[PDB]
Structure formats: C-alpha cells, structure tokens
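# Understanding the architecture of this molecule
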Amino acid sequence: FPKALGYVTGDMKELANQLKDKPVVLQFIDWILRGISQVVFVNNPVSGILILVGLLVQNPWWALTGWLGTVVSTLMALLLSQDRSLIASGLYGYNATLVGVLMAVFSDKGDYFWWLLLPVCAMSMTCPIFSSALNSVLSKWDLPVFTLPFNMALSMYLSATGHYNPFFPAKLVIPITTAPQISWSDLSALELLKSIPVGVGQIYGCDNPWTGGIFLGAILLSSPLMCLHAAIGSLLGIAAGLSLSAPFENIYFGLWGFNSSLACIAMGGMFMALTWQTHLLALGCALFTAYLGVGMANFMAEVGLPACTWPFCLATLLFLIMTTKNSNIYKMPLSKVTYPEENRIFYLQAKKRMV
Amino acid sequence: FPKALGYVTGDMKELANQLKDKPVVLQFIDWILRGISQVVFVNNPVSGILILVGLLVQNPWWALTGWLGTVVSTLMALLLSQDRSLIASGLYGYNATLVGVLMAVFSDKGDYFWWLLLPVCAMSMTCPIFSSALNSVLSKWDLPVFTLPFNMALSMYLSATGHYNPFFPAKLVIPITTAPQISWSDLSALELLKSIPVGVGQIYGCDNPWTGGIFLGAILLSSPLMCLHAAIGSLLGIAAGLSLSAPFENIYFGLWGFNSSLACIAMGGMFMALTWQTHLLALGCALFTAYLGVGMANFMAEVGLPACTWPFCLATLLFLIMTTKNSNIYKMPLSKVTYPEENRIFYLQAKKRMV
Amino acid sequence: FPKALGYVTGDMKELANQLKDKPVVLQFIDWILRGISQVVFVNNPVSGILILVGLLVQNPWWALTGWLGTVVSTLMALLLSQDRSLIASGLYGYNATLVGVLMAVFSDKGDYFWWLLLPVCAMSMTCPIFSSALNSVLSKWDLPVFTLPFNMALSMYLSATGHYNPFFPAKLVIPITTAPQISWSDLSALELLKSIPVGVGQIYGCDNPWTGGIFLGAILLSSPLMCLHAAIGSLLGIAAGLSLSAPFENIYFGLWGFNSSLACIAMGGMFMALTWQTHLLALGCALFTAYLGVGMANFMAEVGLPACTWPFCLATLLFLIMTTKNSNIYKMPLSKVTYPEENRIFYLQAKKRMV
Ligand SMILES: CC(C)CCC[C@@H](C)[C@H]1CC[C@H]2[C@@H]3CC=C4C[C@@H](OC(=O)CCC(=O)O)CC[C@]4(C)[C@H]3CC[C@]12C
Ligand SMILES: CC(C)CCC[C@@H](C)[C@H]1CC[C@H]2[C@@H]3CC=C4C[C@@H](OC(=O)CCC(=O)O)CC[C@]4(C)[C@H]3CC[C@]12C
Ligand SMILES: CC(C)CCC[C@@H](C)[C@H]1CC[C@H]2[C@@H]3CC=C4C[C@@H](OC(=O)CCC(=O)O)CC[C@]4(C)[C@H]3CC[C@]12C
Ligand SMILES: CCc1ccc(S(=O)(=O)c2nnn3c2nc(NCc2cccs2)c2sccc23)cc1
Ligand SMILES: CCc1ccc(S(=O)(=O)c2nnn3c2nc(NCc2cccs2)c2sccc23)cc1
Ligand SMILES: CCc1ccc(S(=O)(=O)c2nnn3c2nc(NCc2cccs2)c2sccc23)cc1
Ligand SMILES: CCc1ccc(S(=O)(=O)c2nnn3c2nc(NCc2cccs2)c2sccc23)cc1
Ligand SMILES: CCc1ccc(S(=O)(=O)c2nnn3c2nc(NCc2cccs2)c2sccc23)cc1
Ligand SMILES: CCc1ccc(S(=O)(=O)c2nnn3c2nc(NCc2cccs2)c2sccc23)cc1
C-alpha cells in the first residue's frame, strides 16, 4: 500500500515518464486530468479524477462543460504549437476548465442548455492564446500567469452576452443599493464551519460542501501543505467577511473564501518557499485577497460583471512582485516550482549553498 | 500608365525622397496626407487624398475636424522634437485624425459647431505625447502602438465632457437594459452585403457605404492584400454579430466590422508575415476582435463611454504577444514593416537565410 | 538667523546625519515627519510639522488618522525589511498618511468615529506592500511610484465598504445626470483667487484656505520653486475647470487644482530638470492633469468611486515616459532627485559634462 501511495502523490512523475513512452491518446487523457487538477495548482491526474468526481457530485452539466473546455483548450494548444512540456503538465487546460464550468454556472438557461457548448468551445479556444500572450509578458519577470486567461476570457464573454442576449443570456449581476440587515444572533457556528470546504469548492464555482470536501481530498492527495493552506485561506476569507459585516448567506455560500483559498495556496509554500515567515505572509495575502475580493465584486457589479478570481490573481501578483531584504522570505524560481514539500527541500539546499 | 501606377502604389518611396529634397511646406502636406492614410496602416499620400475625399463624401465637417487634428498633431510632434522619420511617415498624425473625426461624430451639438475646434486642437496636442509615451513602452518589446493614443485621448475627452457638459456635450451612450426583439425573417442579404464596406468606413466613424468603398479603394491602391483583409475582417465581424443575435441595425451600420477589419489588416500580412497559417490566424483574430468589440462596447456603455477601437488594439496586441513554435507563423520586425507584399518578400528571404 | 534658515531648508541633510547617530526613537519621529511631508514631494521634517499643523487647523480627527497611518506604515515597512534609506526619507509613510486622512474624509460616520482606526491601520499595512511592489515594477524603467499605492489602497477600501456597509459606510459618490446651471455673473474673483491655496490644501483633502496656505508655507520652506509650481498648477486647474464650465462650487472647493498642483510640482523641476522648456511642459502637464482629473472623476463616479489622485499619477507617468530629442527637456535620474534647486545644479553640471 505505501508504494501505491507514494506513486499517486505529489506530481506523479513516474507515471508522467511511463506515459511519455505510451501512445498519445493516453498522454492526452493524462494532460486533460492534469489540466483539471491544475486549477488548484495541483499537477496530478488522480487529483484531477477526484476533482472531476466532485464536479459530478455538484452538477454533471458543469462537469461536462468544464471537461469539454479542458479538451478543446489542450487541442487548441497542440494546434498552436505551444510548449509540449507546458501542455503535458496541464498548464494549457485549467483556464478553460474554469471557463467551461463558469460559463454554465453564470448561465441563465439552466442545466443541459446544449447550445452553450458552442460558446464554451469558442472561449476554450481563446484560453491558449491568452495563456500564451500573458505567459510571455509575465515570464519576462518570472511571474506566474495564475487564472488571468480564464478571467479575461470570462469577462469578455459575460460582457459580450450579458443578461439580455437572445441566444446565451447570463445571470444578472446586481449592485447593492441598500444596506443589508444582518442579525448577528442568527449567525450559525455550524454553517461557518461548513463554509470552509464550501470556499474550496467555490474555487470551481461549486456550492456543495461535499464537492469542497472532495476537492480538499484531492489537494491533500497531492500535497498536505496545499490542503492546509487551502482550508486556512477559506477560513481567513470567512473572517474577513465577518469583519466587513457581510450577509451571512454570502459567507455560507463560500463566496468569501475561494479567492483567499487560492491566494493562501499560492503564497503558502507554492510560489514562495515555505518558512514560518512566508506562512504568515500567506495568511496576510489571504486576508488582503478576501478584502480585495469584496472590493472587486462591488466594483465590477457596477459594470454587470462578476469579480471571479481577479482578486486572487491581482493580490498574489502584488505579493510576489513585492521585495524584502528578509532572506527567509524567498520567492521560488518558476522553473523549480513543483509542490510545497519539494519546494522547501529545494529552498533549504539553496540556502545551504548561500551560506 | 503602368509607370504612374507603380509610382502611386505601395508607400510611394520615390516621392518621399523627391520631397525630402523639396521645401518643408510640401513635405508637411505629404506628412499630413500620410497621417490621414495611416489610420488603415497605409503610408501613402494619394491614399490619404482618397480617404479625405471619402470623408468629405460622408460629412465635410468631419473631414475638417479630422484634417485639423492631423495638422495640429504633426505640428505638435515637430515642436516636441520627435523622430522626423516617424513624423514623415505620418505616424504622428493618424491618432489625431481619428480624434478630430470622432470628436465631431460623438458630439451633441451638430455639424459645424465651430467651438468644437477648440477641444479638437487641445486633444490633438495630447496625441503626440500619448504616441510618444506608449511608443516607448511598447517598443521595448517590439510592439506596435496601434490606435491606443487615440483611444486614451478620446476616452479622456468623452469622460471629461460627457452628455451634460454645458459647453461641449457628447452623445449619450446608453447601456442595454432589455432584450432586443430580432425578426430573423426581416434580415436582408443586400444590407448584409452592404455592411462590408460600411465597416471599413466605420474605421473612421463613417456610415456611408460610398465612403467605405472609397476607403477600400485607397487601401487597394496601397496594397491589394490589405484591401482583401479589410473586407474579410468586416465580413467576419458581420458573422460574429449574427452569431450573437445582435440587432440588425447595428450590423448594417458597420459597428460590428470596423474593429475586426483593422485586426484582420494588422494580422493578415502587415505585422505578421503573410503565410496561409497567418491568414487563418488573422481570420481568428478578426472573429476574436468582433467578440471583444461587443464585450467592450457593453462594458464601457456602463461607464457612459464608447468602446471605439480599444478592442482592435487589445486583441491585436494579444495576438502579437502570443508565441508559437510554428516557423511559418512569423512576427515581422517593426523596422521592416512596410506593406504585406514587401513584408512577404522580406520574410521569404529571411526564411531562406534561416535554412 | 540665516544659519538656522539654511539648516531647516531643503531636505535637512545635516539633521538626517545627526539623527543617524541618535537613538532610533528620534529617528522614527524624523521618518514620520518626512513621510508626512513627502505627500508634496518634500523630504523635510519641519515641513512635515507645518503640514501637521495645517491638518490640525483643518480637522484634528483627520490629523490623527493620517498620523496613525504614517506610523503604522513606517512600522510595517520596518517589519517587512524594506530599504532603510527609503524608510528614512519618508518614502514608506506618505501613501498611508494619505490613506489615513482620506479614509476619514470619505467616511460617512462623522468625526472621531473611533472604529475607523481599525480599517485605517489595516489599509496602512497594505501601503508598504503596494509601495514595494510598484517600486519594483516602476524602478525597472526609472519611474517614480507617485501616490499609486495610496490610490490602489483607497480604491480597494472604498469599493470593499461602499456607502451601504453596516460597519464603515463611505460617502455616496453620485454621477452627474443633469446639466448644471452655471450663472457666470455670479462668478467671484475673490473666490477664484482663494481657490489657489484651497487646491494645494486639497492635495491632502483639506478645504480650508488657511490649511492650504500653511501647506504652501511648508513647501516654500523646502523649496521656493516647488511652492511656485504648486500655486501655478492649482491656478491652471482653476483655468481648466472654467474652460469646461464646471460648477463654481467645485472650483472653489479646490477639487480642480490638487491633481494639477501635484503634476506641476512633479514636472516643474522635481523629476525633470528645471529649464524654461520643462517649465512650459509642466504647465502643459498641469492642464492635461486637470482635464484628466475631471475625466476620471466622471468615469469613476459611475462605479461609485472618487478619482482621488489617479489623474496626477497617470498623467505624470505619461509625461515622464514621453521622450523628446530636445536636450533641454531632461528627465532627472531617480537617484539624484532631491529638490528643484539641487536638481538644476546637477543638470547644469551634467550638461557641461555632455559638451
Ligand atoms: C489584512 C490586510 C488588510 C493587511 C495584510 C497585512 C499582512 C500582509 C501582514 C500582517 C502581519 C504581517 C507579518 C507579521 C510578522 C512577520 C514576521 C517577520 O519576521 C521577522 O522580521 C523576524 C526576523 C526574521 O525573520 O529574520 C517577517 C514578516 C512577517 C511574516 C509579516 C508579513 C506580512 C504580514 C502577514
Ligand atoms: C472565434 C474566437 C472566439 C476564437 C478564435 C480562434 C482562432 C484564433 C483559431 C481558430 C482556428 C485556428 C487556426 C486553425 C488551423 C491552423 C493551421 C495550423 O497549421 C499547422 O499546424 C500545420 C503545420 C504547419 O503549419 O507547419 C497553424 C494554426 C492555425 C492557423 C490556427 C490559428 C488560430 C485559429 C485561427
Ligand atoms: C491642455 C492639454 C489638453 C494639452 C497640453 C499640451 C502641452 C503638453 C503643450 C502645450 C504647449 C507646449 C510647449 C510649447 C513650447 C515649447 C518650447 C519648445 O522649445 C523649443 O523647441 C525651442 C528650442 C529648444 O528648446 O532647443 C519645447 C517644447 C515646449 C516646452 C512645449 C511642451 C509641451 C506643451 C506644454
Ligand atoms: C501558457 C501555459 C502556462 C500556464 C500557467 C503558467 S503559471 O505561470 O501560472 C505557472 N507556472 N508554474 N505553475 C504555474 N501555474 C500553476 N498552477 C496553475 C494555477 C495558477 C493559478 C491558479 S491555478 C502551477 S502548479 C505547479 C507549477 C505551476 C505558465 C504557463
Ligand atoms: C468576496 C465576496 C464575493 C466574491 C466574488 C463574487 S463573484 O462576483 O465572483 C460571484 N458572483 N456570483 N457568484 C460569484 N462567484 C461564484 N463562484 C466563485 C467563482 C469561482 C471562480 C470564478 S467565480 C458564484 S457560484 C454562483 C454564483 C456566484 C461575489 C462575492
Ligand atoms: C509615436 C509614433 C508612432 C506611431 C505608431 C507606431 S506603431 O508601433 O503603431 C507602428 N509601427 N510601424 N507602423 C505602425 N503603425 C502603422 N499604422 C498605424 C496604425 C496602427 C493601428 C491602426 S493604424 C504602420 S503602417 C506601416 C508601418 C506601421 C509607432 C510610433
Ligand atoms: C461590436 C458592436 C459595437 C462596437 C463598437 C461600438 S462604439 O462604442 O465604438 C460606438 N457607439 N456608437 N458608435 C460607435 N462607434 C462608431 N463608429 C466606429 C468608430 C470608429 C473609431 C472609433 S468609434 C459610431 S459612428 C456613430 C455612432 C457610433 C458600438 C457597437
Ligand atoms: C517603496 C518606497 C518608495 C516610494 C516612492 C518612490 S518614488 O519613485 O515615487 C520617488 N522616488 N524619489 N522620490 C519619490 N517620491 C517622492 N515624493 C513622494 C510623492 C510622489 C508623488 C506624490 S508625493 C520624492 S520627493 C524626493 C524624491 C522623491 C519610490 C519608492
Ligand atoms: C476635477 C474635479 C474633481 C477631481 C477629483 C474629484 S474626487 O473624486 O477625488 C473627490 N470627490 N469628492 N471629493 C474628492 N476629492 C476630495 N479631495 C481631494 C483629494 C485629495 C487626495 C485624494 S482625494 C474631496 S474632499 C471632500 C470631498 C472630496 C472630484 C472632482
């Protein structure tokens, strides 16, 4: 049993090589699963299978649209002659996994609106281009792309269609125009505890708590530190939402924890080596990202758009561009970013080489 | 006759030298005409004369304001000691040609509102500065400026004034707040065919189909491939507008084809060498730019602004920053970008040098 | 007396060294005062004391919140191991001075709303991070950060809270939806003359004319050329507001002169060496910044936000990125930027070295 566990954990490098030998259809399936799991920074195909099972538990229509987005984007990246090493780590399929899931989430035509498969494909062909263009700009300065391709594609689509499109109408994004009445005596501790997996689930747009638990299980299969930081970031988003007197139904829905969950995953050991200083910095980034999330939600509601994960991308890029003279606050080279355990081993060896 | 034709086609280099010898007033007239024609990437003074005739066919007031914008911007670039080689190719006068035409298009005071000549001049003095600043930023990474100076100047002006300015009121940009009723049985094939020149005309803000035909004739005088790609991009914008169930009156007005016309001109042989792969990529950029055009139109209608050619600039910069490992998808060096025929000859010679 | 005057003018380098010898609490007080004064580009602790006296003349609650912002941001920059040379010149405390003053200005809970000290601190801990991140990006290309950290922090906060927050409600930013009735016969020359110090005061959000006079006195203590350009930029903003038929009550309140005052300070001898050409360019930047100020005010009123000093930052970055071939339009190296008198001496010596 421990052999199989070590085989299915981390990034699954042994299977990656074994499939490099295998036919290209199996490799394509592998790239699709890694692209599904890469939404939570996880480059693991079994984590991708678990995340797909969680999406099917939420809504099979969303799983279908998201898997089709992943497939169309990986095929489009193959057609555009992109780096095969980036395609095989699923880095050309996760933005379109998100595009496909959240075009169905933000759709006003209900489940199994088959015509929606036409814009899905369309926007899933724009995600490699986005992913390529940004990966140029941001790799000049050794910065990750994050989910900026998904965010640009979805903002473009939801602006192009809107609520009043005769073909593909979107959900109505309403700005707030009256103060909410919060009854602090009706606050549930159980619902606040349940909001921790629901924010991890809302990373994919899924309000199911079982879906969020399955996503946390997938992240834990890849790296336990990633799971810890996902849970902690969702909790810190809950805390920020309570600090701004947000409606409890928005915290219970997990809308306050998914951006900060992603930001705590990214900062806590992933793109910054894991020390206690970078752990505290990841907590600060999670709180900052929750507050920027409500800021961008309120601001983009005015133009009829959802904030999505714009807050995570902007806040995490801000915290990665930030420089300190602290040697224990170390930004990982993008070429050596695998998962927090290996990242920490690499950082410790480099810190020994520094002394 | 063939000698004169070869003399008036392309970029007219022979006249450029002959005028380099001539007095500076004739050279200034040449730079003004090249700045007029440079709105459609054409560095030809006779094309500029034809485009000016088309503008006079549309509206002589718009021709006056646009020509005055060109003059003021070229004089301002001379005063700011800008590169004379950029001034003499009209690259300091086309953004202000657009500023001057579309300050009168988007004006709520009617034709021959003489006071409008005061903000025109003002904004036409901002277009060299814009053009200079951006040309710094974007030439670090060998990227064209496009009509970003015009877009920033016009967004700034139409925000500063707005619909309720007592002096210079602008047109009211209304967001959509109800679903349009489209009667697909009333769709005209003749109006859809006529919308192809009207999008090329709307490149300058002109809804006349004769003006669009004259603009296509000017582009054809410069380079037939540019004319082909202008027409094809306007057609692809028509197609995208039909695919999103747009009101037919917006497709007939050419609002769906001018951004994609510009994007197909830029990508189809101009800033990317012309192969069949880059032709298909230019078709994809034209479609993407039509969809981003309706997206940005809907989004900027919320802040009371028109999208203008923000979609063309953003989408074409995105497609130029994109990298592939395809050798036949070749991005032209900005120093060697003349017009698609010479660009293709240069690319073929460089590809022979590569082997 | 002249010895003391020479001791308290400029940047006060002698005191900076003498305090480098002194205990760290006195040095921290010095850094706080320099961070207060650095809002008007002044690196002088006695100017900071005078600006603090002006803030107390306006509103002691705003002085308290702004001083606490400065303190929290300087301590946070110390904790984040930022450059001590930047911390000691007050370059990590002025954006939070602004954050603290204008969180109380834009607050809907009145004076001495003690709970406001909690978000103040919070946003004052975000200003070093902002300041650090941007100072990375913008120092690659030798550009000043300006008040972009303050603007990002305040936009984020005022979006996160808004007018309808149950805890920290903000002021209601209303868009214009009807044409203002201006009675040009009721225009006061005395109020227009008084609007010159009120725009300098509104640099900090203060509508008191005595506060603006005290701020001009502080700037004059540092550098008389800075005071001259502050007054001239506020006047040019008055002129632009009259040219766009703005409501007189907005010009009298100083909302038209503070962005252009900052832009004339920055361009007139500060970040560009002071020649007569750069003086005229600073006048042009002041006018451009007034017009961009009303543009961004009208545009950001649509999303419920104030423009603040976004216009100053964007317009001054645009005018600094602009390149000319004029040798007498010289951009100062950021490492040699002290105050216009020393900047001009440095430029004259470098121009002798150029010949
Ligand atoms: C909630 C929002 C609005 C603001 C977010 C602020 C955070 C980004 C701050 C708050 C607490 C800060 C932390 C407080 C304490 C430390 C320990 C500090 O460690 C040291 O300086 C000790 C000596 C050494 O490590 O060598 C390094 C910075 C760090 C992690 C800080 C990183 C930045 C944090 C997370
Ligand atoms: C409509 C919107 C929402 C999406 C726009 C997608 C386009 C950018 C795509 C769709 C079709 C694509 C084209 C489909 C086929 C090809 C041929 C392909 O050629 C090869 O790979 C063959 C071998 C070789 O050229 O060496 C190069 C990419 C290209 C031009 C593609 C470029 C990108 C295009 C235009
Ligand atoms: C009001 C808004 C909408 C537009 C703002 C335009 C300004 C940026 C322009 C208008 C006047 C211009 C100035 C007009 C005259 C001159 C003198 C000129 O000096 C020379 O060329 C003389 C020879 C030499 O200096 O060697 C240098 C540019 C400058 C300062 C210009 C700088 C740019 C200015 C300030
Ligand atoms: C064009 C293809 C491309 C996509 C993303 C990146 S990248 O720069 O973003 C990035 N480089 N390494 N890397 C990245 N992205 C990850 N996860 C995806 C997500 C980001 C935000 C939310 S999920 C993970 S996981 C292990 C390593 C990495 C670079 C190139
Ligand atoms: C900080 C509070 C907050 C943040 C973001 C959004 S929001 O504007 O993003 C958004 N508004 N409605 N809404 C949104 N987000 C969703 N899922 C999370 C996402 C995952 C990836 C992209 S969205 C879902 S699921 C059903 C409705 C919605 C709204 C509120
Ligand atoms: C500051 C002056 C300046 C303006 C534009 C550019 S630039 O970088 O934009 C560009 N460099 N070469 N070049 C460009 N622009 C063209 N056409 C103008 C239009 C662009 C978008 C719509 S029209 C054409 S036509 C033949 C060659 C070119 C660079 C510098
Ligand atoms: C994709 C559909 C669409 C795109 C852009 C615009 S739009 O927001 O640009 C605009 N809204 N009204 N309007 C606009 N565009 C015009 N001409 C095109 C231009 C040339 C260069 C800059 S604008 C004219 S002409 C008379 C009215 C208008 C509106 C709709
Ligand atoms: C991260 C800390 C940091 C803050 C600002 C700058 S910086 O790049 O902005 C700048 N570099 N030098 N310098 C600057 N800023 C000044 N004034 C502050 C204001 C700017 C706009 C309005 S007040 C003055 S005054 C004398 C020299 C300078 C660089 C680094
Ligand atoms: C060109 C005209 C104009 C410019 C900016 C703003 S505005 O949107 O900035 C703003 N709207 N209300 N308001 C604002 N600005 C203030 N002070 C100036 C500042 C200093 C630093 C940041 S704000 C104050 S003081 C009390 C109310 C306000 C409004 C109008």
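Residues numbered from 1 in each chain as written, not as in the entry; some residues may be left out. Chains lettered and ligands numbered in written order. Heavy atoms only, no water. Residues with missing side-chain atoms left out of burial classes, pairs and counts.

The name the PDB entry gives chain A is Urea transporter 1, with Homo sapiens as the organism. Annotation of chain A in UniProt includes, under Catalytic activity, the sentence "urea(in) = urea(out)". UniProt lists a comment for chain A under the heading Sequence similarities, and it reads "Belongs to the urea transporter family." (UniProt positions renumbered as here; feature names shortened; annotations may be inferred.)

In terms of helices and strands, chain A carries 17 helices and 0 strands. In terms of C-alpha radius of gyration, chain A reaches 20 Å, essentially the compact-globule figure of 20 Å for 355 residues. Overall size of chain A, expressed as C-alpha extent along the three principal axes, is 60 × 45 × 45 Å. (Helix = DSSP H or I, 4+ residues; strand = E, 2+ residues; numbered from the N terminus. Rg over C-alpha atoms; globule rule 2.2 N^0.38 Å.)

The interface of chain B with chain A comprises 29 residues on the first partner and 26 residues on the second. Of the roughly 2300 Å² buried between chain B and chain A on both sides combined, carbon and sulfur atoms contribute 71%. Across the contact surface, chain B and chain A share 1 salt bridge. A salt bridge links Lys325(B) to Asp83(A), with the nearest nitrogen and oxygen atoms 3.2 Å apart. For the side of chain B that touches chain A, the secondary-structure elements that each account for two or more residues are α12 (224–243), α15 (276–300) and α16 (310–321) of chain B. Among the elements that make up the side of chain B that touches chain A, the one with the highest residue count is α15(B) (7 residues). (Contact = heavy atoms within 4.5 Å. Buried area = accessible area lost by both parts, 1.4 Å probe. Salt bridge = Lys/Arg side-chain N within 4 Å of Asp/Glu carboxyl O.)

In protein chemistry, a disulfide is the covalent bond that joins the sulfur atoms of two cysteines. Scanning the entire structure with this criterion turns up 0 disulfides over all chains. Summary of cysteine pairing: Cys308(A) is not part of a disulfide, and the nearest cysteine sulfur, belonging to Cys313(A), is at 9.7 Å. Judged by relative accessible area, which is 12%, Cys308(A) ranks as buried. Between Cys285(C), a free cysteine, and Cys264(C), which holds the nearest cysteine sulfur, the sulfur-to-sulfur gap is 8.0 Å. Relative accessible area serves as the criterion here: at 0%, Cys285(C) is assigned to the buried category. (Disulfide = S-S within 2.5 Å. Buried < 20%, exposed > 50% of the residue type's maximum accessible area, 1.4 Å probe, protein only.)

Here the focus is the relation of the copies chain B and chain C. Under the fitted operation, chain B is carried onto chain C by 0.1 Å of movement along the axis and a turn of 120°, and the coordinates agree to an RMSD of 0.0 Å. Each copy turns onto its partner about a three-fold axis. The overlap is low: 12% of the interface residues of chain B also sit at the interface in chain C, so different surfaces are used on the two sides. (Least-squares fit on C-alpha atoms.)

All names here are of chain C. In the structure shown here, the tally under the stated rule is 15 salt bridges over all chains. Between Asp 30 and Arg 34 there is a salt bridge, with its nearest N and O atoms 2.9 Å apart. Highlighted residues: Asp 30 and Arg 34, both in helix α3 (residues 24–37), separated by 4 residues, approximately one helical turn. Overall, the relative accessible area of 2% leaves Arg 34 in the buried class.

Let us now look at the packing of aromatic side chains. All chains considered together, the criterion is met by 57 aromatic pairs over all chains. Arranged with centres 6.2 Å apart and planes meeting at 70°, the rings of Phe28(A) and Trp31(A) form a pair that is edge-to-face. With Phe28(A) and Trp31(A) both in helix α3 (residues 24–37) and 3 residues apart, this pair spans about one turn of that helix. A relative accessible area of 17% places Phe28(A) in the buried class. For the ring pair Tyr112(B) and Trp114(B), a centre distance of 5.7 Å and an interplane angle of 45° mean the geometry is tilted. (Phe/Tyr/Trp six-rings, centres within 6.5 Å; stacked < 30°, edge-to-face > 60°.)

Taken together, 15 residues lie near ligand 2, and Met76(A), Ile129(A), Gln277(B), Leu280(B) and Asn326(B) sit nearest. Taking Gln277(B), its side chain carries an N or O atom lying 2.4 Å from an oxygen atom of ligand 2. Within the side chain of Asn326(B), an N or O atom sits 3.4 Å from an oxygen atom of ligand 2. When ligand 2 sits alone it has 760 Å² of accessible area, and the protein chains cover 75% of it. Elements with a minimum of two residues in the shell around ligand 2: α5 (60–79) and α8 (117–139) of chain A together with α15 of chain B. Broken down by element, the shell around ligand 2 gets its largest block of residues, 6 residues, from α15(B). Across the shell around ligand 2, the residue classes break down as 10 nonpolar, 5 polar and no charged. (Near = heavy atom within 4 Å. Polar contact = N/O pair within 3.5 Å; in protein donor to acceptor, adjacent residues only side chain to side chain. Areas by Shrake-Rupley, 256 points an atom, 1.4 Å probe, with all protein chains shown as cover. Nonpolar A, V, L, I, M, F, W, Y, C, P; charged D, E, K, R; others polar.)

Okay, the site of ligand 6 next. Residue and element names in this part refer to chain B. Around ligand 6 lies a shell of 18 residues, among which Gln 38, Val 39, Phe 41, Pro 144 and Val 145 are the nearest. Separating an oxygen atom of ligand 6 from a backbone N or O atom of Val 145 is a distance of 2.8 Å. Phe 146 places a main-chain nitrogen or oxygen 3.1 Å from an oxygen atom of ligand 6. Here ligand 6 loses 95% of its free accessible area of 630 Å² to cover by the protein chains. Partitioned by chemical class, the residues of the shell around ligand 6 number 13 nonpolar, 5 polar and no charged.

Before going further, it helps to spend a moment on the nonpolar core. Ranked by internal contacts, the top residues of the largest apolar core, which has 342 residues, are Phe41(A), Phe41(B) and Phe41(C). Other than its neighbours up to four places away in sequence, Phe41(B) contacts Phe146(B), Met226(B), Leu262(B), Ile265(B), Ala266(B), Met270(B), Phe271(B) and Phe312(B). (Core = buried A, V, L, I, M, F, W, Y, C linked by side-chain atoms within 4.5 Å.)

Residues and elements named next belong to chain B. Within the fold, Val 337 resides in the loop between α16 and α17 (340–354). Judged by relative accessible area, which is 18%, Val 337 ranks as buried. A C-alpha to C-alpha distance of 6.4 Å links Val 337 and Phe 271, two positions 66 residues apart in sequence. Aside from chain neighbours lying at most four places away, what touches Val 337 is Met 270, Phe 271, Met 332 and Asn 343.

Here we come to unusual backbone geometry. Phi is positive for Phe41(A), close to 65°, though the residue is something other than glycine. Checked against the element boundaries, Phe41(A) lands in the loop between α3 and α4 (45–58). The phi dihedral of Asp142(B) falls on the positive side, at around 60°, and the residue is not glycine. In this structure, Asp142(B) sits in the loop between α8 (117–139) and α9 (148–161). For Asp142(B), a relative accessible area of 32% puts it in the partly exposed group.

What follows concerns the relation of the copies chain B and chain A. Superposition of chain B onto chain A requires a rotation of 120° combined with a translation of 0.1 Å along the rotation axis, giving an RMSD of 0.0 Å. The residues that chain B uses at the interface reappear at the interface of chain A in only 10% of cases, marking distinct surfaces.

What follows deals with the interface of chain B and chain C. For an interface, size is often stated in terms of accessible area lost upon the parts coming together. With 25 residues of chain B in contact, the opposing surface of chain C contributes 29 residues. Summing the contributions of chain B and of chain C, the shared interface buries around 2300 Å²; its carbon and sulfur component is 71%. The interface formed by chain B and chain C includes 1 salt bridge. For the interface between chain B and chain C, the tally reads 8 residue pairs in polar contact.

What follows is about a nonpolar patch on the surface. Taken together, the side chains of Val24(A), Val25(A), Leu26(A) and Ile29(A) present a nonpolar region at the surface, about 360 Å² in accessible area. Within the element layout of this structure, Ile29(A) appears in helix α3. (Patch = residues over 30% accessible without salt bridge, like charges linked within 9 Å, V, L, I, M, F, W, Y side chains within 5 Å.)

Let us look at helix α10 (residues 189–202) of chain B. Residue and element names in this part refer to chain B. With 14 residues, α10 extends 20 Å between its outermost C-alpha atoms, agreeing within 8% with the 20 Å of an ideal straight helix rising 1.5 Å per residue. Largest kink in α10: about 35°, centred on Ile 196, with the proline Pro 197 one to four residues after it. Of all the residues in α10, the buried ones are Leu 192, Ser 195, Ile 196, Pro 197, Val 198, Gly 199, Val 200, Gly 201 and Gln 202. Elements that come into contact with the buried residues of α10 comprise α11 (209–222), α12, α13 (248–252) and α14 (258–270). (Expected span 1.5 Å × (residues − 1). Bend = angle between axes of the 7 residues up to and from the residue.)

Residues and elements named next belong to chain A. With respect to the helices and strands, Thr 309 occurs in the loop between α15 (276–300) and α16 (310–321). The class of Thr 309 is buried, set by a relative accessible area of 5%. Once residues within four sequence positions are removed from consideration, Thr 309 is found in contact with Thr 147, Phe 150, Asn 151, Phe 258, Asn 259 and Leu 262.

Before going further, it helps to examine the packing of helix α4 (residues 45–58) of chain B against α11(B). Two packed helices can be described by the angle between their axes and the distance between those axes. Residue and element names in this part refer to chain B. The geometry of α4 relative to α11 is characterised by a closest axis approach of 8 Å and an angle of 180° between their N-to-C directions. With respect to α11, the element α4 is oriented roughly antiparallel. Judged by residue contacts, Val 46, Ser 47, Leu 50, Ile 51, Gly 54, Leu 55, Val 57 and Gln 58 of α4 engage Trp 210, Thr 211, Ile 214, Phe 215, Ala 218, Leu 221 and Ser 222 from α11. Its residues placed into classes, the contact of α4 with α11 shows 10 nonpolar, 5 polar and no charged. (Axes fitted to C-alpha atoms, helices over the stretch in contact; angles between N-to-C directions. Parallel < 35°, antiparallel > 145°, perpendicular 65-115°, else oblique.)

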